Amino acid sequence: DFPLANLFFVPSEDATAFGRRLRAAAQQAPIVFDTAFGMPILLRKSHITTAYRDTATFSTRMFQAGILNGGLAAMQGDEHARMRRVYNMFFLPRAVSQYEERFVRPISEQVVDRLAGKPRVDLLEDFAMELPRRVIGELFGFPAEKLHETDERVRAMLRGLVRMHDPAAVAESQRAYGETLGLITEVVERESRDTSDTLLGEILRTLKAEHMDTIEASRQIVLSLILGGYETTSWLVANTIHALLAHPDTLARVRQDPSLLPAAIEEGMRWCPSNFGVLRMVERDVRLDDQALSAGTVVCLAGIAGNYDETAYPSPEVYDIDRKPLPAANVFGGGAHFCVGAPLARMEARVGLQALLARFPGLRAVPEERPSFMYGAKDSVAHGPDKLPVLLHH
């Protein structure tokens, strides 16, 4: 029906290959069928914009088939709106500033402390993964090590949400959720008590006030903070520091002027996105110009196919934090489901990188050890590096 393509599981030492591959595909056809994802990938900007706006035709009901069933992302319409308002409260600008001052700045200093006393470290495992894990730890009131133990299971959960037609991926996702249910239940039970003094405690109290604090709803709060708050945020941090390490003159500008960090992060989401976009379910036969999609089909909206559009972003292969306006991020989705955690993720990248750059004026990539980039790095559902080895001192 649509041309066949292999857009995702392709390794390269070039961080731009992923973005370039999606743009080139979009130039050849508006929709491709990906041989690994097993579903159509929409690449054309106008079609993606139509799809994000029309939730009656492009739903998230495919999440009712997997481990997110019962959670926010699987909800539609008014049910979705009501729970979305609860989540929104916890990610308002002032709430985020409060997390920055109370939790994220001190944690970032502690994570950077642990890198001291070593000539070289891997910023992927030792920084990019560590910081978001410890922030979620703080939100749960549980030791970050307990989350560290779930890494394989977390990635197994996510792989089956994306490759949802692959029986091995779906089975491993459901099994991994089963194998994490004890920890999730323990966290919910403790922070459901009147003695809770954690942010998760506050979220569960708000659900209780709305008579929404079912067993399933409370487990799904915890699940969403793990999958988005820990794992997915790690790769944004990783890709931003890679972009700076790969462009030493820009890294030096940003250490001398930390007010440039928001720009470095936004341009990094364009230049080296950690995500392609979203999944949607076609709810009724629909025509997109001369393209036809059948009711029941699950699709990917690959919003990042526009990142390397040279009419929009001249010299798109250049990491340029001076672009104006800054590029609109495509990694958080769109429409009514646009990532509710995005303010926290953006703030963690800024505060974490600020602490790292201030602490290590000599920071530089290990010249000899080039990272390899792929969608699916380390069995994740992210486009990112396999390692970020650095030298910390001159």
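All residue numbers are counted from 1 along the displayed sequence.
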task: Please work out which of 184-192 and 146-154 has the higher mean CA B-factor as recorded in the PDB entry.
output: 146-154
message: Mean CA temperature factor from the deposited coordinates, higher in 255-263 or in 204-212?
response: 204-212
message: Using only the C-alpha B-factors in the record, can you name which of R159, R134, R287, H242 has the highest?
response: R287
- line: Top Cα B-factor in this entry, restricted to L123, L236, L199, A169, sits on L199
task: Could you tell me which third, lowest, middle or highest, the C-alpha B-factor of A56 occupies within its chain?
output: highest
- request: Pull the Cα B-factor of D34 out of the PDB entry and bin it into the chain's lowest, middle or highest third.
  value: middle
query: Would the CA B-factor of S224 place it in the lowest, middle or highest third of its chain?
result: middle
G296 by Cα B-factor - lowest, middle or highest third of the modelled chain: lowest
Chain thirds of CA B-factor: placement of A328: highest
